[PDB]
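Protein chains in written order, with the deposited numbering: chain A, 29 to 434; chain A', 29 to 434. A prime marks a further copy of an entry chain. The C-beta atom is built at its ideal place from N, Cα and C for all residues, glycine as well.
There are 2 protein chains.
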Amino acid sequence: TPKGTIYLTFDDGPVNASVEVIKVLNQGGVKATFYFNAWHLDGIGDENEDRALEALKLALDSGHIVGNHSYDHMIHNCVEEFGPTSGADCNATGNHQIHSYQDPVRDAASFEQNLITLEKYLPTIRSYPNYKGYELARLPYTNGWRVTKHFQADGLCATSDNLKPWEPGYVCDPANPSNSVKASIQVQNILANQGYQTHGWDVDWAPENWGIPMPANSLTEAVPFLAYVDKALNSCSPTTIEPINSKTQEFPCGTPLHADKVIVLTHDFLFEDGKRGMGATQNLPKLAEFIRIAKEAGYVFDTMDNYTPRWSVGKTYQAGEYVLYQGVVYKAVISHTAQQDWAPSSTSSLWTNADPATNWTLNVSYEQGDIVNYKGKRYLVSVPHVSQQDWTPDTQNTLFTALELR
Amino acid sequence: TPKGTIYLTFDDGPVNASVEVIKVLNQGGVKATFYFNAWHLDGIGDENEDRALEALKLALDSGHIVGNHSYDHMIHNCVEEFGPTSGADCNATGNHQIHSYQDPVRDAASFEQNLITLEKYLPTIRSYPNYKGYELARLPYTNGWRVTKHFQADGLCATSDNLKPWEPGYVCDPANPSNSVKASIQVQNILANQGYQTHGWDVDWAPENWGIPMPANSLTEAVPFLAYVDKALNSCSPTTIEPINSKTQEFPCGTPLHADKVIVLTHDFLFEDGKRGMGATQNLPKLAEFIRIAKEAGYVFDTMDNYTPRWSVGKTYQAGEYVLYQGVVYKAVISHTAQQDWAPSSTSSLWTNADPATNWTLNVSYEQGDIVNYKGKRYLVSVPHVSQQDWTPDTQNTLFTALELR
Ligand SMILES: [Ca+2]
Ligand SMILES: [Ca+2]
Ligand SMILES: [Zn+2]
Ligand SMILES: [Zn+2]
Numbered sequence: 029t030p031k032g033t034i035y036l037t038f039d040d041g042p043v044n045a046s047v048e049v050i051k052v053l054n055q056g057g058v059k060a061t062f063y064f065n066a067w068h069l070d071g072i073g074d075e076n077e078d079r080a081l082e083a084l085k086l087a088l089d090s091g092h093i094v095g096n097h098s099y100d101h102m103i104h105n106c107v108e109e110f111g112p113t114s115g116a117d118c119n120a121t122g123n124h125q126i127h128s129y130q131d132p133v134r135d136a137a138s139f140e141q142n143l144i145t146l147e148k149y150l151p152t153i154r155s156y157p158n159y160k161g162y163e164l165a166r167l168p169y170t171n172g173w174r175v176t177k178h179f180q181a182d183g184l185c186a187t188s189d190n191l192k193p194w195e196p197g198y199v200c201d202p203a204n205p206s207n208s209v210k211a212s213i214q215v216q217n218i219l220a221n222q223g224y225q226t227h228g229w230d231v232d233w234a235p236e237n238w239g240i241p242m243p244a245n246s247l248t249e250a251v252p253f254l255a256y257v258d259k260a261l262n263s264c265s266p267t268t269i270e271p272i273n274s275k276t277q278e279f280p281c282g283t284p285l286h287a288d289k290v291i292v293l294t295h296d297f298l299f300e301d302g303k304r305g306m307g308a309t310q311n312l313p314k315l316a317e318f319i320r321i322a323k324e325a326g327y328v329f330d331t332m333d334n335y336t337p338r339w340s341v342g343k344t345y346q347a348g349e350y351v352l353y354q355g356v357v358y359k360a361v362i363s364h365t366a367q368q369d370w371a372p373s374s375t376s377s378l379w380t381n382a383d384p385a386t387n388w389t390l391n392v393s394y395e396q397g398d399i400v401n402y403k404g405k406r407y408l409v410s411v412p413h414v415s416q417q418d419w420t421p422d423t424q425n426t427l428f429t430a431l432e433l434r
Numbered sequence: 029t030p031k032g033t034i035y036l037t038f039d040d041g042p043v044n045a046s047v048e049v050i051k052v053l054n055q056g057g058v059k060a061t062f063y064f065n066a067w068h069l070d071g072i073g074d075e076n077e078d079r080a081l082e083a084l085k086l087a088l089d090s091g092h093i094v095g096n097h098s099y100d101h102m103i104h105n106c107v108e109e110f111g112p113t114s115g116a117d118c119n120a121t122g123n124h125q126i127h128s129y130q131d132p133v134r135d136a137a138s139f140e141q142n143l144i145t146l147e148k149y150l151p152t153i154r155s156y157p158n159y160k161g162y163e164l165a166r167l168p169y170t171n172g173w174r175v176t177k178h179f180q181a182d183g184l185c186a187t188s189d190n191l192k193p194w195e196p197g198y199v200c201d202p203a204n205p206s207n208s209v210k211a212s213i214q215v216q217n218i219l220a221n222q223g224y225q226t227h228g229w230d231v232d233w234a235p236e237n238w239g240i241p242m243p244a245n246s247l248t249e250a251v252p253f254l255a256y257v258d259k260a261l262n263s264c265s266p267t268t269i270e271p272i273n274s275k276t277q278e279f280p281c282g283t284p285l286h287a288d289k290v291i292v293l294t295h296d297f298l299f300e301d302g303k304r305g306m307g308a309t310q311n312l313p314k315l316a317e318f319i320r321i322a323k324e325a326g327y328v329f330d331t332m333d334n335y336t337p338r339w340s341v342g343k344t345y346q347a348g349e350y351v352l353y354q355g356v357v358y359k360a361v362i363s364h365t366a367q368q369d370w371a372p373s374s375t376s377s378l379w380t381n382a383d384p385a386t387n388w389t390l391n392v393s394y395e396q397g398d399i400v401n402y403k404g405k406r407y408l409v410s411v412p413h414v415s416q417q418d419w420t421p422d423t424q425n426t427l428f429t430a431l432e433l434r
């Protein structure tokens, strides 16, 4: 039995730096999850990205999981008019974390545009089972979670409306979050209703010092980082992680799906020799060494499509246990032994749909106080029940109470 | 038992004309399927479309099914640079059917852009179960079908590379189709791999004479059109329909899923008082009367989400019968009685996946000669089998033969 499971997740690719990152992973004998921004394929992401397509292809060919990080990392909210120079313009101002989210609909759409661009530059991408761009996502800047109906939480200070977390006079009030945060929360919900899961992170492999000309050089060494991983194991890191804009204040500590697991966040661009330092020369060895010693310590590596364990034939389940089946999350209604022909579904008596969505859905175990959307209207669940085709909110006024607005 | 089932399908909405069309359907006590182009919501589709959003909302609120007809009805292939006036520019040239399809990837993407725009103007649209924009589609100009693994066929002369079907010297060779047709075929396959079904039509409710100033006025009357529907019932109309660019030459006549059914194609814009004639004043009554007398003749009306019959608990199925379950097509492997807990799936022994796709998929009954895509490579099925996770094409060289290219 493993000491635990580590999920290496790389954000902001695909870029030139991604190629060697992938090769190190391959030599290390591990799979990882890449949350990509497709604008690098268009060559407007303001990075060394002429090999972007090559990297995307190598990632998928090597069997790594590809997830959705939005088309432009929300840079359209950093400038006045989004264009080919917007990435450079935002880097000049460094206002990434200010007004990061504004119109949730427009921002959520950025994730769908991502799919179009990916499927434009790599028309065969859907033929890869490890392509999960339409199932797995992660919001820029935001340690936010949409995993199950009862496993979700937001980064309540991920982004700001004025001051950056380090600037003098910065105030973070989780109870009354910024407009930007509120928008990101709505974005989470929109994506969840489109069938997405979203995952945050436990630990962030980043420079120990951003106050030097080559901060990438200060990336935590392998031995030290393993200690940080060890410390994160079963310690509800999302609540204690620093800085404050990386927190998930209301993360459900000790939640079964999170036990014995550590999700590592890092970025491809930290592993290249460039404007952030000698990341390739110095950090690629740190990655290779970490993988080796983590395995020596008894860790195994897995990908985010397995974070929620896939339904497996032969296994016994207890009522209340969660599984992932065909991209949909299910919770066991009664303890039983999973048979080939009795998989979870929208009609099974053995399972109920437990996706982290809010739109009215079939075979969900609804509880008093739950709020669902149905045909453009919001309804409150008044009495607990399992939803079925007959019991639509607009007809069942004993089960549902129509909510008023304004 | 019904004499048959009619599927009223309206293309090219949503526009002002759609509002009264929907009201007539509602008064008639029937549901219908609308294949929409979202560019009308942006106000660049060159129609009276200021009430476009109102119509979209009314269609969904009334319980009608909404399907995908692409964002701009492929008008970007009709002009040099697509813009707000492109719809008007294409109407000036009337080159809709020339070079209608060029880059299949770009064209297929038009269907995904459609979803973005729809979900932009109506952010609550996914809360409607009758919203099927991501499951049901129909290609502009093209009587093409992607229904099941063994139920698919293309409009081999739907579009041209030079001359229009009526112009002197026009040649249609189904055995060697135009470049435009070939592109539309690839588009069909791309959409199918994204989980879409596509449906053509049996009969087309259109003007009897386009050679007058108000052709809409000549729309077939109710009594006559019922006769045409009667004639289409179980007669493989897609092969005999006129004009030639509306044909489905290789349509599988007598195929079980098509028996006792007639899909009617028409357009919202034929029911408005405008540049095509007095469609509202004259044709809305024809629609209302047709619905009434069709019912009197013993027909029932259904929508395209039911064209492939939904899996139903309690019903017995014979091996070889097709069903639709959670948007996926399945074929019965063994005759049995459908139970609540034994629905179709990717692991069921009772059903196999029979979607009209070409990417390698789980639990599909593959036959010798079948060609699948897997991780960017094409493989030929050498020996018949049912696919499973272990038997991926890249490892099973007794089941699959890798194809070479160029
Ligand atoms: Ca999902
Ligand atoms: Ca489907
Ligand atoms: Zn990022
Ligand atoms: Zn059309």
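For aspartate 89 of chain A, the chain A' residues whose Cβ falls inside 9 Å of its Cβ are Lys403 and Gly404, in order along the chain. CA-CA distance, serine 98 of chain A' to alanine 45 of chain A, rounds to 37 Å.
The beta carbon of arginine 174 of chain A' sits no closer than 7 Å to any beta carbon of chain A. In summary, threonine 344 of chain A is exposed, with fewer than 16 beta-carbon neighbours lying within 10 Å of its beta-carbon over all protein chains present. Residue contact with chain A' for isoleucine 144 of chain A: present (Cβ-Cβ distance below 7 Å to some residue of chain A').
Put simply, of A':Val231, A':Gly239, A':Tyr224 and A':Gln310 the residue whose alpha carbon is nearest the alpha carbon of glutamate 249 of chain A' is A':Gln310. Annotation for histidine 295 of chain A: the continuous beta strand (DSSP E) segment containing it runs 289-295. By the neighbour-count definition (other C-beta atoms within 10 Å, threshold 16), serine 208 of chain A is a buried residue. Contiguous alpha helix (DSSP H) elements confined to the segment 122-202 of chain A' occur at 132-149, taking only those with 4 or more residues. In the three-state reduction of the DSSP assignment, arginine 434 of chain A falls in the coil class, being assigned neither a helical nor a strand state. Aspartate 230 of chain A and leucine 293 of chain A have their C-alpha atoms some 8 Å from each other. Counting C-beta atoms within 10 angstroms of its own C-beta, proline 112 of chain A has fewer than 16 neighbours from the protein chains shown and is therefore classed as exposed. If you look at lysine 359 of chain A', you'll find it isn't in any alpha helix (DSSP H); it sits in the beta strand (DSSP E) that goes 356-360.
According to the DSSP assignment, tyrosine 256 of chain A' belongs to the alpha helix (DSSP H) that extends over 250-260. Taking 7 Å as the cut-off, the Cβ atoms of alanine 211 of chain A and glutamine 130 of chain A count as close. Less than 7 Å divides the Cβ of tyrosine 358 of chain A from the Cβ of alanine 382 of chain A. Chain-ordered, the chain A residues with CB closer than 7 Å to the CB of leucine 378 of chain A' read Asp369. One Cα belongs to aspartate 135 of chain A, the other to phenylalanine 38 of chain A', and the distance between them is close to 32 Å. By a beta-carbon distance limit of 8 Å, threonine 33 of chain A' contacts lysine 289 of chain A'. Their separation comes to about 5 Å. Against chain A', the CB of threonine 389 of chain A has no partner CB under 7 Å away; the residue lies outside that interface. For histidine 364 of chain A', DSSP records a beta bridge to A':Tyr345. Within the DSSP secondary-structure output, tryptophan 379 of chain A pairs in a beta bridge with A:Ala360.
For ligand 4, a non-hydrogen atom lies closer than 6 Å to the CB of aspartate 39 of chain A'.
Close to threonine 375 of chain A', with beta-carbon spacing below 7 Å, are these residues of chain A in chain order: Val341, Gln368 and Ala371. Here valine 328 of chain A' is bridged, per DSSP, to A':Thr33.
Think of a sphere of 8 Å around the beta carbon of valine 133 of chain A': the chain A residues whose beta carbon falls inside it are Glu147, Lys148 and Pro151, in chain order. The three-state secondary structure of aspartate 89 of chain A, taken from DSSP, is helix. For a Cβ distance threshold of 9 Å, nothing in chain A lies close to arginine 79 of chain A': the least Cβ distance comes to about 17 Å.
Ranked by how close their Cα comes to the Cα of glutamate 195 of chain A, the residues A:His68, A:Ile272 and A:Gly305 have A:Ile272 in first place.
Counting the other CB atoms within 10 Å of its CB gives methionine 306 of chain A' a total below 16, which places it among the exposed residues. For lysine 51 of chain A, the enclosing alpha helix (DSSP H) stretches over residues 44-56. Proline 284 of chain A counts as exposed, since fewer than 16 other C-beta atoms from the protein chains shown sit within 10 angstroms of its C-beta. Going by DSSP, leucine 69 of chain A is part of no beta strand (DSSP E) but of the alpha helix (DSSP H) stretching over 67-70. Rounded to whole angstroms, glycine 404 of chain A' and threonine 276 of chain A' show a C-alpha spacing of 30 Å. Three or more pairs of CB atoms, one per stretch, sit closer than 8 Å, so the segment 59-74 of chain A contacts the segment 93-110 of chain A. With at least 16 other beta carbons inside 10 angstroms of its own, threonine 187 of chain A' counts as buried.
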